[PDB]
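Chemist: PDB, C-alpha atoms and all ligand atoms, file work_32.pdb:
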ATOM      1  CA  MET A 113      18.030  -0.814   6.945  1.00  0.00           C
ATOM      2  CA  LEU A 114      16.506  -2.112   3.700  1.00  0.00           C
ATOM      3  CA  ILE A 115      17.009  -0.647   0.214  1.00  0.00           C
ATOM      4  CA  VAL A 116      14.077   1.033  -1.492  1.00  0.00           C
ATOM      5  CA  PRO A 117      12.485   0.078  -3.805  1.00  0.00           C
ATOM      6  CA  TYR A 118      12.128  -3.233  -1.984  1.00  0.00           C
ATOM      7  CA  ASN A 119      10.432  -6.422  -3.172  1.00  0.00           C
ATOM      8  CA  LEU A 120       8.850  -8.703  -0.621  1.00  0.00           C
ATOM      9  CA  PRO A 121       7.829 -12.046  -2.148  1.00  0.00           C
ATOM     10  CA  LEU A 122       4.446 -13.309  -0.964  1.00  0.00           C
ATOM     11  CA  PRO A 123       4.768 -17.045  -1.543  1.00  0.00           C
ATOM     12  CA  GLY A 124       1.554 -18.557  -2.885  1.00  0.00           C
ATOM     13  CA  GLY A 125      -0.007 -15.120  -2.822  1.00  0.00           C
ATOM     14  CA  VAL A 126      -2.136 -13.694  -0.087  1.00  0.00           C
ATOM     15  CA  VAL A 127      -4.965 -15.226   1.868  1.00  0.00           C
ATOM     16  CA  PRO A 128      -7.296 -14.102   4.604  1.00  0.00           C
ATOM     17  CA  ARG A 129      -5.630 -13.822   8.041  1.00  0.00           C
ATOM     18  CA  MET A 130      -2.289 -12.858   6.471  1.00  0.00           C
ATOM     19  CA  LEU A 131      -0.803  -9.794   8.161  1.00  0.00           C
ATOM     20  CA  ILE A 132       1.859  -7.796   6.362  1.00  0.00           C
ATOM     21  CA  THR A 133       3.865  -5.332   8.484  1.00  0.00           C
ATOM     22  CA  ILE A 134       6.045  -2.523   7.133  1.00  0.00           C
ATOM     23  CA  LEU A 135       8.217  -0.478   9.494  1.00  0.00           C
ATOM     24  CA  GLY A 136      10.115   2.591   8.392  1.00  0.00           C
ATOM     25  CA  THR A 137      10.639   6.310   8.782  1.00  0.00           C
ATOM     26  CA  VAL A 138       9.342   8.975   6.419  1.00  0.00           C
ATOM     27  CA  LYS A 139      12.110  11.141   4.982  1.00  0.00           C
ATOM     28  CA  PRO A 140      12.098  14.866   5.603  1.00  0.00           C
ATOM     29  CA  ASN A 141      10.216  16.686   2.820  1.00  0.00           C
ATOM     30  CA  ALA A 142       8.741  13.401   1.571  1.00  0.00           C
ATOM     31  CA  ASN A 143       6.564  13.571  -1.541  1.00  0.00           C
ATOM     32  CA  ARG A 144       5.240  10.002  -1.729  1.00  0.00           C
ATOM     33  CA  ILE A 145       5.059   6.473  -0.418  1.00  0.00           C
ATOM     34  CA  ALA A 146       3.797   3.468  -2.367  1.00  0.00           C
ATOM     35  CA  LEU A 147       2.887  -0.107  -1.579  1.00  0.00           C
ATOM     36  CA  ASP A 148       2.151  -2.192  -4.674  1.00  0.00           C
ATOM     37  CA  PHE A 149       0.645  -5.636  -4.158  1.00  0.00           C
ATOM     38  CA  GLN A 150       1.302  -7.242  -7.553  1.00  0.00           C
ATOM     39  CA  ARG A 151      -0.259 -10.048  -9.522  1.00  0.00           C
ATOM     40  CA  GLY A 152       2.383 -10.337 -12.208  1.00  0.00           C
ATOM     41  CA  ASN A 153       2.297  -6.982 -14.013  1.00  0.00           C
ATOM     42  CA  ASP A 154      -1.099  -6.130 -12.553  1.00  0.00           C
ATOM     43  CA  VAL A 155      -1.328  -4.215  -9.275  1.00  0.00           C
ATOM     44  CA  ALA A 156      -4.099  -5.697  -7.159  1.00  0.00           C
ATOM     45  CA  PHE A 157      -3.765  -3.024  -4.471  1.00  0.00           C
ATOM     46  CA  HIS A 158      -1.820   0.206  -4.865  1.00  0.00           C
ATOM     47  CA  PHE A 159      -1.632   2.228  -1.627  1.00  0.00           C
ATOM     48  CA  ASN A 160      -0.130   5.631  -2.336  1.00  0.00           C
ATOM     49  CA  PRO A 161       0.196   8.367   0.307  1.00  0.00           C
ATOM     50  CA  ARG A 162       0.862  11.693  -1.404  1.00  0.00           C
ATOM     51  CA  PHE A 163       2.294  14.429   0.810  1.00  0.00           C
ATOM     52  CA  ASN A 164       1.648  17.331  -1.604  1.00  0.00           C
ATOM     53  CA  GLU A 165      -1.119  16.955  -4.115  1.00  0.00           C
ATOM     54  CA  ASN A 166      -2.258  20.527  -4.709  1.00  0.00           C
ATOM     55  CA  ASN A 167      -0.951  21.264  -1.199  1.00  0.00           C
ATOM     56  CA  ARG A 168      -3.098  18.573   0.393  1.00  0.00           C
ATOM     57  CA  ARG A 169      -2.077  15.231   1.899  1.00  0.00           C
ATOM     58  CA  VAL A 170      -4.123  12.342   0.551  1.00  0.00           C
ATOM     59  CA  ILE A 171      -3.911   8.597   0.236  1.00  0.00           C
ATOM     60  CA  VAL A 172      -4.748   7.276  -3.211  1.00  0.00           C
ATOM     61  CA  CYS A 173      -5.634   3.607  -3.640  1.00  0.00           C
ATOM     62  CA  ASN A 174      -6.236   1.854  -6.950  1.00  0.00           C
ATOM     63  CA  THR A 175      -5.821  -1.278  -9.067  1.00  0.00           C
ATOM     64  CA  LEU A 176      -3.854  -1.600 -12.296  1.00  0.00           C
ATOM     65  CA  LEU A 177      -5.131  -4.137 -14.837  1.00  0.00           C
ATOM     66  CA  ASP A 178      -3.444  -4.672 -18.230  1.00  0.00           C
ATOM     67  CA  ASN A 179      -1.592  -1.377 -17.661  1.00  0.00           C
ATOM     68  CA  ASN A 180      -4.763   0.609 -17.019  1.00  0.00           C
ATOM     69  CA  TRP A 181      -5.540   2.321 -13.728  1.00  0.00           C
ATOM     70  CA  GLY A 182      -9.056   1.887 -12.394  1.00  0.00           C
ATOM     71  CA  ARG A 183     -11.238   4.178 -10.320  1.00  0.00           C
ATOM     72  CA  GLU A 184      -9.260   5.739  -7.489  1.00  0.00           C
ATOM     73  CA  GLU A 185     -10.357   5.452  -3.894  1.00  0.00           C
ATOM     74  CA  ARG A 186      -9.280   8.476  -1.887  1.00  0.00           C
ATOM     75  CA  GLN A 187      -8.849   8.835   1.872  1.00  0.00           C
ATOM     76  CA  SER A 188      -8.169  12.258   3.359  1.00  0.00           C
ATOM     77  CA  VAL A 189      -7.342  10.859   6.786  1.00  0.00           C
ATOM     78  CA  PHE A 190      -3.562  11.028   6.595  1.00  0.00           C
ATOM     79  CA  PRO A 191      -1.608   9.584   9.511  1.00  0.00           C
ATOM     80  CA  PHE A 192       1.923   9.937   8.127  1.00  0.00           C
ATOM     81  CA  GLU A 193       4.249  12.812   8.964  1.00  0.00           C
ATOM     82  CA  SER A 194       7.520  13.740   7.255  1.00  0.00           C
ATOM     83  CA  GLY A 195      10.485  12.767   9.422  1.00  0.00           C
ATOM     84  CA  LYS A 196       8.571  10.329  11.624  1.00  0.00           C
ATOM     85  CA  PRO A 197       8.673   6.543  12.194  1.00  0.00           C
ATOM     86  CA  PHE A 198       5.622   4.624  11.052  1.00  0.00           C
ATOM     87  CA  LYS A 199       4.119   1.154  11.010  1.00  0.00           C
ATOM     88  CA  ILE A 200       1.811   0.059   8.213  1.00  0.00           C
ATOM     89  CA  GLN A 201      -0.152  -3.142   8.808  1.00  0.00           C
ATOM     90  CA  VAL A 202      -2.070  -4.692   5.945  1.00  0.00           C
ATOM     91  CA  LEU A 203      -4.420  -7.438   7.069  1.00  0.00           C
ATOM     92  CA  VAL A 204      -5.954  -9.491   4.307  1.00  0.00           C
ATOM     93  CA  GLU A 205      -9.622 -10.239   5.023  1.00  0.00           C
ATOM     94  CA  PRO A 206     -12.135 -12.158   2.891  1.00  0.00           C
ATOM     95  CA  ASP A 207     -13.571  -9.120   1.066  1.00  0.00           C
ATOM     96  CA  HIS A 208     -10.862  -6.468   1.478  1.00  0.00           C
ATOM     97  CA  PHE A 209      -7.389  -5.381   2.461  1.00  0.00           C
ATOM     98  CA  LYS A 210      -7.617  -3.721   5.893  1.00  0.00           C
ATOM     99  CA  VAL A 211      -4.941  -1.092   6.583  1.00  0.00           C
ATOM    100  CA  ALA A 212      -3.901   0.309   9.963  1.00  0.00           C
ATOM    101  CA  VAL A 213      -1.138   2.817  10.546  1.00  0.00           C
ATOM    102  CA  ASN A 214       0.516   3.189  13.937  1.00  0.00           C
ATOM    103  CA  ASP A 215      -2.087   0.813  15.394  1.00  0.00           C
ATOM    104  CA  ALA A 216      -5.041   2.910  14.234  1.00  0.00           C
ATOM    105  CA  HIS A 217      -7.467   1.752  11.561  1.00  0.00           C
ATOM    106  CA  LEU A 218      -7.031   3.772   8.363  1.00  0.00           C
ATOM    107  CA  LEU A 219      -8.993   2.249   5.470  1.00  0.00           C
ATOM    108  CA  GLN A 220     -10.238  -0.841   3.705  1.00  0.00           C
ATOM    109  CA  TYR A 221      -9.938  -1.662   0.010  1.00  0.00           C
ATOM    110  CA  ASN A 222     -12.339  -4.184  -1.469  1.00  0.00           C
ATOM    111  CA  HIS A 223     -10.797  -6.958  -3.541  1.00  0.00           C
ATOM    112  CA  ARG A 224     -11.018  -6.210  -7.254  1.00  0.00           C
ATOM    113  CA  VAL A 225      -8.460  -8.855  -8.132  1.00  0.00           C
ATOM    114  CA  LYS A 226     -10.088 -12.128  -7.087  1.00  0.00           C
ATOM    115  CA  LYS A 227      -7.151 -14.530  -7.445  1.00  0.00           C
ATOM    116  CA  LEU A 228      -5.627 -13.715  -4.079  1.00  0.00           C
ATOM    117  CA  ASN A 229      -3.220 -16.636  -4.291  1.00  0.00           C
ATOM    118  CA  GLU A 230      -1.613 -15.002  -7.360  1.00  0.00           C
ATOM    119  CA  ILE A 231      -0.836 -11.717  -5.613  1.00  0.00           C
ATOM    120  CA  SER A 232       2.691 -12.833  -4.973  1.00  0.00           C
ATOM    121  CA  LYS A 233       4.838  -9.695  -4.590  1.00  0.00           C
ATOM    122  CA  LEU A 234       4.748  -6.529  -2.544  1.00  0.00           C
ATOM    123  CA  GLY A 235       6.782  -3.602  -3.821  1.00  0.00           C
ATOM    124  CA  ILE A 236       7.584  -0.891  -1.284  1.00  0.00           C
ATOM    125  CA  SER A 237       8.849   2.374  -2.656  1.00  0.00           C
ATOM    126  CA  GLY A 238       9.039   6.126  -2.143  1.00  0.00           C
ATOM    127  CA  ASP A 239      10.501   8.628   0.243  1.00  0.00           C
ATOM    128  CA  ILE A 240      11.180   6.415   3.245  1.00  0.00           C
ATOM    129  CA  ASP A 241      13.918   4.752   5.194  1.00  0.00           C
ATOM    130  CA  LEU A 242      12.679   1.180   5.253  1.00  0.00           C
ATOM    131  CA  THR A 243      13.482  -0.751   8.425  1.00  0.00           C
ATOM    132  CA  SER A 244      11.528  -4.000   8.081  1.00  0.00           C
ATOM    133  CA  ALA A 245       8.984  -5.729   5.837  1.00  0.00           C
ATOM    134  CA  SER A 246       7.485  -9.055   6.822  1.00  0.00           C
ATOM    135  CA  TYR A 247       4.354 -11.144   7.131  1.00  0.00           C
ATOM    136  CA  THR A 248       2.713 -13.559   9.540  1.00  0.00           C
ATOM    137  CA  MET A 249      -0.432 -15.640   9.754  1.00  0.00           C
ATOM    138  CA  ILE A 250      -2.704 -14.562  12.577  1.00  0.00           C
TER     139      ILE A 250
HETATM  140  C1  LIG B   1       6.796   4.810 -13.056  1.00  0.00           C
HETATM  141  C2  LIG B   1       7.070   6.212 -13.507  1.00  0.00           C
HETATM  142  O1  LIG B   1       8.042   6.470 -14.197  1.00  0.00           O
HETATM  143  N1  LIG B   1       6.182   7.160 -13.216  1.00  0.00           N
HETATM  144  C3  LIG B   1       5.020   7.026 -12.335  1.00  0.00           C
HETATM  145  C4  LIG B   1       3.725   6.942 -13.136  1.00  0.00           C
HETATM  146  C5  LIG B   1       3.674   8.029 -14.200  1.00  0.00           C
HETATM  147  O2  LIG B   1       4.110   9.255 -13.606  1.00  0.00           O
HETATM  148  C6  LIG B   1       2.284   8.248 -14.790  1.00  0.00           C
HETATM  149  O3  LIG B   1       1.621   6.988 -14.955  1.00  0.00           O
HETATM  150  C7  LIG B   1       2.399   8.972 -16.134  1.00  0.00           C
HETATM  151  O4  LIG B   1       1.144   9.557 -16.508  1.00  0.00           O
HETATM  152  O5  LIG B   1       2.649   7.139 -12.217  1.00  0.00           O
HETATM  153  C8  LIG B   1       2.545   6.154 -11.199  1.00  0.00           C
HETATM  154  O6  LIG B   1       1.657   6.708 -10.189  1.00  0.00           O
HETATM  155  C9  LIG B   1       0.312   6.756 -10.635  1.00  0.00           C
HETATM  156  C10 LIG B   1      -0.625   6.034  -9.661  1.00  0.00           C
HETATM  157  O7  LIG B   1      -0.387   6.483  -8.347  1.00  0.00           O
HETATM  158  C11 LIG B   1      -2.091   6.241 -10.065  1.00  0.00           C
HETATM  159  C12 LIG B   1      -3.112   5.602  -9.120  1.00  0.00           C
HETATM  160  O8  LIG B   1      -4.416   5.831  -9.631  1.00  0.00           O
HETATM  161  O9  LIG B   1      -2.366   7.620 -10.152  1.00  0.00           O
HETATM  162  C13 LIG B   1      -1.570   8.313 -11.098  1.00  0.00           C
HETATM  163  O10 LIG B   1      -1.863   9.708 -11.071  1.00  0.00           O
HETATM  164  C14 LIG B   1      -3.122  10.011 -11.639  1.00  0.00           C
HETATM  165  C15 LIG B   1      -3.840  11.003 -10.727  1.00  0.00           C
HETATM  166  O11 LIG B   1      -4.121  10.449  -9.426  1.00  0.00           O
HETATM  167  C16 LIG B   1      -5.109  11.501 -11.417  1.00  0.00           C
HETATM  168  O12 LIG B   1      -5.657  12.561 -10.630  1.00  0.00           O
HETATM  169  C17 LIG B   1      -4.774  11.996 -12.828  1.00  0.00           C
HETATM  170  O13 LIG B   1      -5.950  12.424 -13.516  1.00  0.00           O
HETATM  171  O14 LIG B   1      -4.164  10.939 -13.566  1.00  0.00           O
HETATM  172  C18 LIG B   1      -2.889  10.653 -12.998  1.00  0.00           C
HETATM  173  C19 LIG B   1      -2.067   9.790 -13.953  1.00  0.00           C
HETATM  174  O15 LIG B   1      -2.831   8.633 -14.315  1.00  0.00           O
HETATM  175  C20 LIG B   1      -0.104   8.211 -10.753  1.00  0.00           C
HETATM  176  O16 LIG B   1       0.697   8.845 -11.740  1.00  0.00           O
HETATM  177  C21 LIG B   1       2.049   4.868 -11.828  1.00  0.00           C
HETATM  178  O17 LIG B   1       2.207   3.799 -11.203  1.00  0.00           O
HETATM  179  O18 LIG B   1       1.506   4.939 -12.958  1.00  0.00           O
HETATM  180  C22 LIG B   1       3.845   5.999 -10.406  1.00  0.00           C
HETATM  181  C23 LIG B   1       5.067   5.887 -11.322  1.00  0.00           C
HETATM  182  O19 LIG B   1       6.259   5.938 -10.522  1.00  0.00           O
HETATM  183 CL    CL B   2       3.274 -11.680  -8.710  1.00  0.00          CL
HETATM  184 CL    CL B   3      -8.629 -11.993 -10.718  1.00  0.00          CL
END
In structure tokens, what does this structure look like?
Ligand SMILES: CC(=O)N[C@H]1[C@H]([C@H](O)[C@H](O)CO)O[C@@](O[C@H]2[C@@H](O)[C@@H](CO)O[C@@H](O[C@H]3[C@H](O)[C@@H](O)[C@H](O)O[C@@H]3CO)[C@@H]2O)(C(=O)O)C[C@@H]1O
Ligand SMILES: [Cl-]
Ligand SMILES: [Cl-]
Modeler:
Amino acid sequence: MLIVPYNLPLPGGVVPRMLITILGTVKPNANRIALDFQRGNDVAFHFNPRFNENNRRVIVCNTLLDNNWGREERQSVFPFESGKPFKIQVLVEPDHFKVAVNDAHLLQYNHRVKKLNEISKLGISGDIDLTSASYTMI
């Protein structure tokens, strides 16, 4: 297994046709998962499944610039389940991050941070057993 929080360097940042794959298992009674694609201290793409926000399950996505959170994008389709193995795939495309979970399309997040080649770390955190984190060019 890997230790969470886990930092995956993205050398030279991200670029279209880069596919990032995260395999793990959600802990029992999970509260959260987070993927943070960082540009230095900024977070270009924060992907944050929340298992109990006012007793609903929701994925919150956002960008952090100069320590300020932007306008949240919220997706109520929620494919994760406490206790269960998952696969998150993040495919970088020209205008957005495209996310699939367990081989099903979940959401897209338009690029707010434009300097894709400076988005050079992925932080993976939260209530998971992390098995693998990697990337490949497709
Ligand atoms: C790092 C740490 O110690 N704590 C958290 C922080 C803090 O709990 C928080 O910033 C203190 O106010 O929160 C972090 O998660 C935030 C992040 O997911 C953003 C994305 O937009 O949302 C924040 O919650 C919002 C909430 O969605 C709104 O409905 C509400 O009106 O405002 C909330 C606070 O801004 C999350 O707290 C963070 O990265 O800041 C995660 C850290 O682990
Ligand atoms: Cl970085
Ligand atoms: Cl930018």
Chemist: Find the nearest atom pair between each residue of chain A and ligand CL 3 (chain B) for residues within 10 Å, count all atoms listed in the file, give distances in Å to one decimal, sort rows by chain and ascending number, and present the table as CSV.
Modeler:
residue,atom,partner,partner_atom,distance
A:151,CA,B:CL3,CL,8.7
A:154,CA,B:CL3,CL,9.7
A:156,CA,B:CL3,CL,8.5
A:177,CA,B:CL3,CL,9.5
A:223,CA,B:CL3,CL,9.0
A:224,CA,B:CL3,CL,7.2
A:225,CA,B:CL3,CL,4.1
A:226,CA,B:CL3,CL,3.9
A:227,CA,B:CL3,CL,4.4
A:228,CA,B:CL3,CL,7.5
A:229,CA,B:CL3,CL,9.6
A:230,CA,B:CL3,CL,8.3
A:231,CA,B:CL3,CL,9.3
Chemist: Have a look at A:133, A:141, A:153, A:222 and name the one nearest to ligand CL 2 (chain B); count all atoms listed in the file.
Modeler: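 Going through A:133, A:141, A:153, A:222 one by one, the smallest distance to ligand CL 2 (chain B) is for A:153.
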Chemist: Determine, counting only C-alpha atoms, which protein, DNA and RNA residues have an atom within 8 Å of an atom of residue 119 (chain A); residues of the same chain fewer than 4 positions away are not included. Present the result as a list in words.
Modeler: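 In the requested form, the answer reads residues 233, 234, 235 and 236 of chain A.
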Chemist: Would you compute, for all listed atoms of ligand LIG 1 (chain B), the axis-aligned bounding box grown by 5 Å on each side, and then report its centre and edge lengths in Å rounded to one decimal, as AutoDock Vina command-line options?
Modeler:
--center_x 1.0 --center_y 8.2 --center_z -12.4 --size_x 24.0 --size_y 18.8 --size_z 18.2
Chemist: Hey, what's within 10 Å of residue 218 (chain A) if we count all atoms listed in the file and toss same-chain stuff fewer than 4 positions away? As a ChimeraX atom specification, please?
Modeler: /A:171,187-191,200-201,210-214
Chemist: Store the residues picked out above in a file with C-alpha atoms, as a compact mmCIF listing (two decimals), in the frame of the given file.
Modeler:
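Saved file result33.txt follows:
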# COMPACT_ATOMS: atom_id res chain seq x y z
CA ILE A 171 -3.91 8.60 0.24
CA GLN A 187 -8.85 8.84 1.87
CA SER A 188 -8.17 12.26 3.36
CA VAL A 189 -7.34 10.86 6.79
CA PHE A 190 -3.56 11.03 6.60
CA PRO A 191 -1.61 9.58 9.51
CA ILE A 200 1.81 0.06 8.21
CA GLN A 201 -0.15 -3.14 8.81
CA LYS A 210 -7.62 -3.72 5.89
CA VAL A 211 -4.94 -1.09 6.58
CA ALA A 212 -3.90 0.31 9.96
CA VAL A 213 -1.14 2.82 10.55
CA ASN A 214 0.52 3.19 13.94
Chemist: Of the residues A:173, A:114, A:127, A:132, which is the one nearest to residue 146 (chain A), using only C-alpha atoms?
Modeler: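 The answer is A:173, which sits nearest to residue 146 (chain A).
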Chemist: Any chance you could work out the residue set of the PyMOL selection byres (((chain A and resi 158) around 8) and not hetatm) here, as number ranges by chain?
Modeler: A: 146-149, 155-157, 159-160, 172-176
Chemist: Find the residues near residue 142 (chain A): any atom within 9 Å, counting only C-alpha atoms, skip ones fewer than 3 places away on the same chain, and give them as a list in words.
Modeler: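 Non-adjacent residues within range: residues 138, 139, 145, 162, 163, 164, 193, 194, 195, 238, 239 and 240 of chain A.
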Chemist: Have a look at CA of residue 178 (chain A) and CA of residue 143 (chain A) and let me know their distance in Å, one decimal.
Modeler: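 Separation between CA of residue 178 (chain A) and CA of residue 143 (chain A): 26.7 Å.
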Chemist: Select, from A:204, A:113, A:122, A:170, the residue with the minimum atom-to-atom distance to residue 144 (chain A), counting only C-alpha atoms.
Modeler: A:170
Chemist: Between atom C16 of ligand LIG 1 (chain B) and CA of residue 166 (chain A), what is the distance in Å, rounded to a tenth?
Modeler: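 CA of residue 166 (chain A) lies 11.6 Å from atom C16 of ligand LIG 1 (chain B).
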Chemist: In the coordinate frame of the file, compute which residues have an atom within 10 Å of (-3.6, -15.4, 12.7) when using all atoms listed in the file, and state them as a PDB file with C-alpha atoms, in the frame of the given file.
Modeler:
ATOM      1  CA  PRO A 128      -7.296 -14.102   4.604  1.00  0.00           C
ATOM      2  CA  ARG A 129      -5.630 -13.822   8.041  1.00  0.00           C
ATOM      3  CA  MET A 130      -2.289 -12.858   6.471  1.00  0.00           C
ATOM      4  CA  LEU A 131      -0.803  -9.794   8.161  1.00  0.00           C
ATOM      5  CA  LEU A 203      -4.420  -7.438   7.069  1.00  0.00           C
ATOM      6  CA  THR A 248       2.713 -13.559   9.540  1.00  0.00           C
ATOM      7  CA  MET A 249      -0.432 -15.640   9.754  1.00  0.00           C
ATOM      8  CA  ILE A 250      -2.704 -14.562  12.577  1.00  0.00           C
TER       9      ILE A 250
END
Chemist: In Å, with one decimal, what is the gap from atom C6 of ligand LIG 1 (chain B) to CA of residue 121 (chain A)?
Modeler: 24.5 Å
Chemist: Considering only C-alpha atoms and all ligand atoms, can you say which of A:232, A:180, A:207, A:124 comes closest to ligand LIG 1 (chain B)?
Modeler: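 Answer, going by the shortest atom-to-atom distance: A:180.
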Chemist: Given the file shown, determine the residues that the PyMOL selection byres (((chain A and resi 137) around 6) and not hetatm) selects; report them as a list in words.
Modeler: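 Written out, the selection comes to residues 136, 138, 196, 197, 198, 240 and 241 of chain A.
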Chemist: Using C-alpha atoms, can you export the residues from the last selection as an mmCIF file, keeping the file's coordinate frame?
Modeler:
data_model
loop_
_atom_site.group_PDB
_atom_site.id
_atom_site.type_symbol
_atom_site.label_atom_id
_atom_site.label_comp_id
_atom_site.auth_asym_id
_atom_site.auth_seq_id
_atom_site.Cartn_x
_atom_site.Cartn_y
_atom_site.Cartn_z
ATOM 1 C CA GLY A 136 10.115 2.591 8.392
ATOM 2 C CA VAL A 138 9.342 8.975 6.419
ATOM 3 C CA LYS A 196 8.571 10.329 11.624
ATOM 4 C CA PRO A 197 8.673 6.543 12.194
ATOM 5 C CA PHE A 198 5.622 4.624 11.052
ATOM 6 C CA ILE A 240 11.180 6.415 3.245
ATOM 7 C CA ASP A 241 13.918 4.752 5.194
#
Chemist: Given only C-alpha atoms and all ligand atoms as the basis, pick out the residue of A:186, A:140, A:135, A:115 nearest to ligand LIG 1 (chain B).
Modeler: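 Using only C-alpha atoms and all ligand atoms, ligand LIG 1 (chain B) sits closest to A:186.
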Chemist: Evaluate the PyMOL selection byres (((chain A and resi 245) around 8) and not hetatm) and record the selected residues as number ranges by chain, following the chain and residue labels used in the document.
Modeler: A: 120, 132-135, 242-244, 246-247
Chemist: With all atoms listed in the file as the basis for distance, which of A:202, A:215, A:150, A:209 is at the shortest distance from ligand LIG 1 (chain B)?
Modeler: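 Using all atoms listed in the file, the shortest distance to ligand LIG 1 (chain B) belongs to A:150.
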